[PDB]
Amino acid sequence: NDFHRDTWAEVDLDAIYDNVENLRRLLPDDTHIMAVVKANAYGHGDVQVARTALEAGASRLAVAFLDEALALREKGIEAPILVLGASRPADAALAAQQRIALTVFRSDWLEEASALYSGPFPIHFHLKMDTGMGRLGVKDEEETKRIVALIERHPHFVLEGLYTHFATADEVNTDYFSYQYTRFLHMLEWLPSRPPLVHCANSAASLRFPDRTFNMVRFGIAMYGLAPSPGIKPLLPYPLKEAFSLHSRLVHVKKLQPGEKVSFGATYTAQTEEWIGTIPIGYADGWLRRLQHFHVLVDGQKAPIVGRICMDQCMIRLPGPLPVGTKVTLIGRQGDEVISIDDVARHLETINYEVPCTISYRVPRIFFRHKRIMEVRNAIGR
């Protein structure tokens, strides 16, 4: 629980707590919150975010694939967990003994699983319906009835839920959203019995139309304090608190003379006498090469990145001479300046979701709770 390089990410768990608690109050009392923590909680720390979400009101968790669910179980999480993606029928028994719910969307998957499992633990399934996303899910009434039939036949197979996912809930215009919502209601009629859990809402849908969430919402991106899209920021019911920040420190500082070049390709040349700082973070840490024309914060001021970004380090133009060890902020606030994940996303020309997920296993995560350090997670630590 220690690290030996001056580069780290900070995760504010009080922000995550507040983001989830505010949702708990916004939603009808009889609507459960499933916190989605796949991809190591969007790069924030799976078990740490999960524990906090459960404290704030969430009652279930969601991950992308089986390995992620098993990892949470090994770390002591006992809350129900749903695997949103595909799994192998041969792993049905493992999921059952570990009390992990599985997503199902095709009958031939059940055919195979039935021939491999015979109890005694029940397997809870969530039927995925494709209402316009085109990713995973059933689309035909025949296939839907067949899946339900195979589940009812098996004494250890249980249909615990049914859901769909929206492709454009974060768009101001709600035409396609309305289409998917209506399709969902229509497909719901294909079921002979309504399962106990009906869900469809992600962050954008739950925050914009809390009354149209049925009995469970799958809360992701907004839990981390990130807007589903900048376009709906002014439509959010409550203010979101950004939980992720990234920092480093100067490990070298030198003054260059006019003509001297910097980094690979010698693409940058100091025109006048200027101070250059080197920080221990590079593209192998998720600070991609495409960010070469971006900037960082040092001493409350913007400092542009100079030359090409390296695998483990990069250089920046300092306003003047600063001492080694001076804190640098890549994502976060310093004085009156701020660099948000959305800013980084803009220059990488991607969405905020992708940024924290790309900050590699190499960067330690320091967790804060009650304005104090709770723990440090170093993926390659002793």
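Quick note: we count residues from 1 along the sequence shown, nothing fancier.
If you average the C-alpha B-factors over 354 to 362 and over 18 to 26, the higher value belongs to 18 to 26. When 70 to 78 is weighed against 228 to 236, 228 to 236 comes out higher, by mean CA B-factor as recorded in the entry.
When the Cα B-factors of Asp312, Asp91, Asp130, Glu260 are read from the PDB record, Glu260 comes out highest. Each of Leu207, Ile281, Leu256, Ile100 has a CA temperature factor in the record; the biggest one is found at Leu256. When all modelled residues of the chain are sorted by CA temperature factor, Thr52 is found within the lowest third. Per the deposited record, the Cα B-factor of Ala270 falls in the highest third when ranked against the other modelled residues of its chain. Looking at the C-alpha B-factors along this chain, the one for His199 belongs to the lowest third. Annotation for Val251: CA B-factor lies in the middle third of the chain's modelled residues. Per the deposited record, the Cα B-factor of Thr213 falls in the highest third when ranked against the other modelled residues of its chain.
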